[PDB]
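The chain below stands alone and is given as structure tokens, in the form deposited in one PDB entry.
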């Protein structure tokens, strides 16, 4: 499960007072801020925002924004945003720039369940006046656009039903699409990849290996390239092992000179109370080093401090 849990003996107004005292005056007590916000669940954080206003008379987000800066501010504000809205905002941000952050689009649209995808669509439209699909259509192109549009519909079957005839026809279709460099009959291979339930799909992947004598992932890496390749692979990885998918996003955001702070922040904030314990297990297995030591080595200051707390511990 997750690493961040709801605190016991919770008193929103006592917390509001603590935050105010940490920010009042010239400067800021970042550690007092961390010791409160990082040890509360998102729901509790929302209760602190409400109490701050009602008890302090101030808007908490405005103070956090004016008081903090940099990546630290980015992490903290991320932690303060209600869950569905955070995804909606990250999606919006990924599209509006000189160039789209296609990785963010894939990461979210591929790893979210049907119910989460439904909430995101409703909130996005409410918040921006247009549907997520319209913006995807506006900022992305070709086969990559088409894949994201399918995922955005969120129509994946949730039962565990297996139709044997269907499974064999399905692997056959993926095999043909692949033979055709995943370029024709987009509607056929997308239907399989996006609509079929997990159990059925996992079987389709096994039937595919027999038909192709090659794993689906190697076929994709071969017959495909660019963002379209990353999208297809993300779907396959999230169906097989989603937590291993996130461990890999985290690994690639820190591996090498520099860091992709945006990705590191979004994954740590968004998955902290969901499957961080699992992401950690797969990170260790896959990379031989714990997530903790990677973050610890790629970051510094308060930013790092709050990131390690979201990590939860060493492995």
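Rigid core (definition): largest C-alpha set, two forms, superposition within 1.5 Å. Residue numbers count along the first chain shown, from 1.
A second form of this protein, the form deposited in another entry, is not displayed here; the remarks below concern that form.
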query	finding
Candidates 229, 134, 116, 176 - which moves between this form and the one not shown, C-alpha at least 2 Å, core fixed	176
Shift of residue 241 between this form and the one not shown at or above 2 Å (CA, core fit)	no
C-alpha of residue 91 off by 2 Å or more between this form and the one not shown on rigid core	no
Residue 191 C-alpha relocation of at least 2 Å between this form and the one not shown, rigid core basis	yes
